Every structure is written in C-alpha cells, then in structure tokens.
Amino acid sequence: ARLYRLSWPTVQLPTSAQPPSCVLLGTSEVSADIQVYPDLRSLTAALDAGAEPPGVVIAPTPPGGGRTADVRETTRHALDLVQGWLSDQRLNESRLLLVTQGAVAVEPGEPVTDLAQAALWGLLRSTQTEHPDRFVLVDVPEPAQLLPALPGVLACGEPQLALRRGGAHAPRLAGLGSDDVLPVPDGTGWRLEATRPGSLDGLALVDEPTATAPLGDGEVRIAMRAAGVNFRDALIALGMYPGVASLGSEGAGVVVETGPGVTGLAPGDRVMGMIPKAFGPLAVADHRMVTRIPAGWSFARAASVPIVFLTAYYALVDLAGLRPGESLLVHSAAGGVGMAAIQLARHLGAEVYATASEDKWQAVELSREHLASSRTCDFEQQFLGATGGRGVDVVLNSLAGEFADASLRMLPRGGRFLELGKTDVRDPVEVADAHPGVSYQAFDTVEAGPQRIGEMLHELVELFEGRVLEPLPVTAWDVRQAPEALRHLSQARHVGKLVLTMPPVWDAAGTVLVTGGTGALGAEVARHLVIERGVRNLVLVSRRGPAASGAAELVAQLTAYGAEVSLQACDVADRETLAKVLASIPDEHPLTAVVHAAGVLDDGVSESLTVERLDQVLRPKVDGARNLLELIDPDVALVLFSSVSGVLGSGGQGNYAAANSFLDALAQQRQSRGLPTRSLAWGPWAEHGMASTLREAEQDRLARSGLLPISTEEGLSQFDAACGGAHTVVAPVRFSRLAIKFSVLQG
C-alpha cells in the first residue's frame, strides 16, 4: 500500500481536429457567435422543434464559494443538470462540458479558490465513471481561453482538464516522491541551509548545533512553526547573494527556554520576530528582536509580517522621516516590502506612486492613475507627466542595475533615496554627483539594532491591532518542500509573502478530538492514539455518543489504558453543540489536533440521486468541517478524512464523492493560507465496526442456538399474524435440525 499524490502533468491537445456544434448554457450575450440558451430546458425545446443535437453543450458554472450553502447550491445545480441531460437521450453522443474557475490546484503558486466548484468536480467525476464519454470537466481561470482550445479539449478524449496559459493539464495519481522531496534527520533541531549553492537542487535539511543548546544572554529559544521566506533567501540559495547571510530570517513560534538576562516575556509565549536561520523546528534569537503575537493570528500569518514591515517602518520613519502630504515612489508593489510600504505610507498620510508587473495590478489597492509597470522605465515621464516635477519626495527602491537610474530622475526637486539591493550598491557622495539635492542611504534593517527593532516591533503591532496595517497575503509550503517554494519565489510568480511551515506536531500534553470516534476507522484511530502514541487526553464525538453499542466498552478500554477519555453525543454539524463540547475541554490539556472521521454514506447512480440525499451526505463532512475550522483555534492541526472515491470518482457515490472532494479541496486551500491542515483520501479498509461487529456476533449467537435467519416475507407474515393474535407473547423463529443444549427445547 503506497501513499499517493495527485499531479497535473501538461498534455498536448490535438491542434488539427474538427470544430463541433456548440451551444452555450448561460445568462448572457457571447462576444463570439455561438448558440445561447439560458437553461437546459430551452435546449430541449429546440431539439423538440426540429433542431439537431449539438456535439457539445458548454455549461459554465455560476461562481460558488467555500461556504456550506455554496457547496449545497452548486452541487444541487450540478445534479439537476446531470439528470436533465441523461434523460433526454437525443443528447447522446453529445457531451456536457462543465466549466469551472479555480476548483483545482495545478501550478505551485496556485490554491483552490472555489471549494464548492471542487465539490462539483467530485460529483461529476463519479458520474463520468457511470457514463463514459458524455461529460467533460474543464477548469479555466479566465474564460475565452476555452473556445480557442475547444477543438483540442474534445479531440484528446480526456475527461478532466484545467486550462492554464502554461498549457492544458490533466490530472493523474502519482506515487510519493517521485524523488521523495526533502528528507529530515529526524534528530530534532535541524535547519534548511543551501549546501550546494548555485542551484535549487542541492538544498537540504542538515542538523544544526547552534539552535539546540544552550542559552543565552540575551537569548531565548523557540519552537518554530512557520517562517517567512524573503527574496534574500532565494539568492543565498543560488550563490548569488553579494553578502553574508544564513537561510531564513524571521518566523513565529513558541518559547521553550529563556534566560539569563531576559524578563519581558516568558516560556509558552507565542512569539514572532527576526529569527536567524529560521527554517528549522528549533532556532534561538535575541528577545528584543522578537515580540508576542497579536489578535488571534496564525503562526503562519505572524511569520509573513516582520521583515517586510520592519523594513517599511525603519525605512519610511527613521531613515526617510516621511511627512504627511509628502509623496512616495515604491518598487515591487505587490511584493512584501512593496506591499508593506504602501500600507504604512497611507497611514503616514502620503500620496503614493508605485510599480509591479501588469498581472499583479489588481492586488495593489491604488488608484489606476498612480500605477506603472515595474520591468520598464516608462513610469518616469508618465509620473513626471502625472505630476509636474518635483515628482516624488522619497524613494524606496529595490530595482537595482539600470532600472535604479530612471528612479532618481524622479524627485528632481530634491529629497531622500533608499536602496535595498546589494548588487550594484552605490556611494552617497558619488550619488550627489549624479543629481543635486538628493541624499542617499543604502540600508539593511538589522542595522537599526536589537534596541531599535524591538521598539519598531512594539510600534508596528500597535498599528496592526489599531486595524491600520494588515498582514500580507500568505502562500504557504512545508519546509520539506522548500525547493518548490524558492523556485516560485525566485521566478517572481507570487504576490504578497511566501512562508514555510514546520512539520505538524501535536502537544503531547494536549487534547485530541475525534469526530465519529465510534466508526470503523475512528475507534481504531482512537485506540491507536491512546495505546501506541502519546495521547492521554481524548474527546470522542458522534451523534449517538456513549449510547451506541459498544461505546461504553470502547471508552472503558481506553480510560483503562490510563487516559482521560470523554465520549460526548454531538452532531458536528450543529455548531452550537460543538461549541459546548470544545469549551468543556479542560484548560491544562488544551486541544492540539482534530481527526474529522465523521461521515454518512449513500449509494446510487446519479440518475437516482436526490437533493435530500445530497444533503444527508454533505451534512457531517461539510457543515462539520466548517463548524470545526470556525471554532478551532487556528494552529490546531486538522485532519480531514475524505475518500479516494472523491479522486477516482468511484461511481455509485456521486454525492458522497462531492463531500469528500470538498474536504480534499478545503485542506489544499487551507494549508496554502498557512494553517495546519491535512486531508487523507482513504481507500477501502478491512475493519468493519463496533456496529456491525456486534450485529454479526448476534447473528452467530442466535445460530449457535440452532436457529436460522428468517426471510423478510415470512418475517412480515408473522409480524402480521402475531400482532392480532390470541397469544400475548410469541416467539416467531425457524429452527434447524431435530438442542440438548437448551432445557426449554425438550419435547
């Protein structure tokens, strides 16, 4: 039994194949000319009144969402469509092409945006297996990509694709690896450093002495959970960073050891700052250079923050002394530092002009007017054009080389100029050479010093909680996959901040909650957690709770292995009851993990499915997972159990597979946003259940009493007879052969 991962290789679409009849199922006009019917019904009408079955109907899906209701509407809608379609049967040899936007993660940079659409994928996948060569799934992030590609989409016979500008992608299961990604020393307190600089291959995770022991000064030791990656980190990795640097500066985590020389904050504390050599389970730094963590921030959203905002602050306050009314020019706007400055600048009451690449513009919250491409030098006369020089009072430049020159001709009036880039660094007096009026400082944030950083840290937080700065968009990765992340980073595909997360680790002190801890899997996992693993505080949770056979025994067993076990009756889909449960977890064993193993089953081809059945199967998986993530503390690890059925589209379980595909998508999106989430797509288990096991046993016991099972027809004729019949107590049974075992059975 392998573990599998679903990949999306590029495929080649046949470029010379015949373009086919097409109708559009949609609200509105088509820029192109192709038949449009607002709904399936109307396309029937045309068929009714003579029209010839189109080879392909396109059904672009209305935008979903990641909320229960969303999932509900957009699978229900998919069902009406699938059912309407199957029942016509003039629409045979014709194919329904359902289009989605962002239901599917294909490229490294990109997360699932529409969970509900991802549910759609599962359901339809099921139906595809039920009816081959009749439906086609297409994820296309911006439509009209579609039509050009359309004769190819159809000729390749492939039922599932995602269109990206890169290419067309098909999905397939793959073994883990394939190289096996990044391997860990397991001996805790390693780190990521570039071993063979020059190339991203030859990154590795090798044990680090420095982190482990001992403190300190001065110093405080941290159990890291996430860390920010900076552009710096990507150059270091490529033997292309002009200066001294150790991979990974900044992060957030939990305090382990403190002292000597430290009083302000103490162990257990959640903390973020500018840690050196950040990319490991264990690192240690100066307690003034780090600070405790605001709102209910995730460790991930904490880790993105420090470097970018310290720079922005240290740069715009200390070095620039930016005043209200004064205006600013910032490069790499949709980047972290670029992103940060514009936020802080708007607080400091400046006008702002800035630059990123055209594809990132939407992510800037700046009036069209003030924007410009960042890999050209056009901005100059457009901005100087935009405002008569004097142009900008201050410049926070990252673009070095010759892009840095067109910069300084902004702000001719005079003013201050800040350089970030070490390659082609300059001289202040020799800068005064080129332009009059302009002072010039080339800085590193660490320059401010521990004293100043801690003071800027305390001052930034204030702003964050004042709701005046908001942490950047996070796109997260697991340290073991850093190469994929740094490649992204160095290719400048991203917006906002990238972040690395450390391998998840449950507080051995803490509580673990298993939903559906009665079920075939939940019990086993429940047992394995207590009997083999650390776990010594359990909450189990199922609709019936302790009242279902044999849950009393199930508990006994564990509590007997010396554990603090609670089994509460609770429907996970009732947020009000879940809350009641979580709250009753004791303060000293606070929960660190959820195993969402709760589930309800259905069976039937998509023809036969109904809305009411759909919701049956959705309620524990979707509402439950939503309730959980809503209620759960951010950095509680969440393990969702889906089913391989959601991935193969097992058929017979359309609607179940929808639920499971949601879970798969919820994790993929959620880990991306930084939070500790993992989703396992179980194939079949041998196990059975307390259930079940107990029903089976009853059957043995009754047999072992030389009894035999009654057919249902006979059982009901007896029901009939015994109900209205003279004897008040009556044993309708079928015996076997002609029992010295039972005294009652004599004569």
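Numbers for residues come from their place in the sequence shown, where the first is 1.
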Subject >> Deposited-sequence gap flanked by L738 and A739 >> reply: 4 to 9
Original post:
Mean CA B-factor: is it higher for 329-337 or for 588-596?
Top reply: 329-337
**OP:** Check the entry's C-alpha temperature factors for 409-417 and 570-578, then say which stretch has the higher mean.
**Re:** 409-417
Subject >> C-alpha B-factor winner, where the candidates are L124, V244, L513, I275 >> reply: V244
**OP:** Identify, among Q669, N627, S199, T677, the residue whose C-alpha carries the highest B-factor in the deposited PDB entry.
**Re:** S199
Subject >> Cα B factor band for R533 (lowest, middle or highest third within the chain) >> reply: middle
Subject >> Third of the chain's Cα B-factor distribution that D70 belongs to, per the entry >> reply: lowest
**OP:** Comparing against every modelled residue in the chain, figure out the third that the C-alpha B-factor of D700 lands in (lowest, middle or highest).
**Re:** middle
**OP:** Among all modelled residues of this chain, ranked by Cα B factor, put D507 in the bottom, middle or top third, i.e. lowest, middle or highest.
**Re:** middle
**OP:** Sorting the chain's modelled residues by C-alpha B-factor, tell me whether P732 ends up in the lowest, middle or highest third.
**Re:** lowest
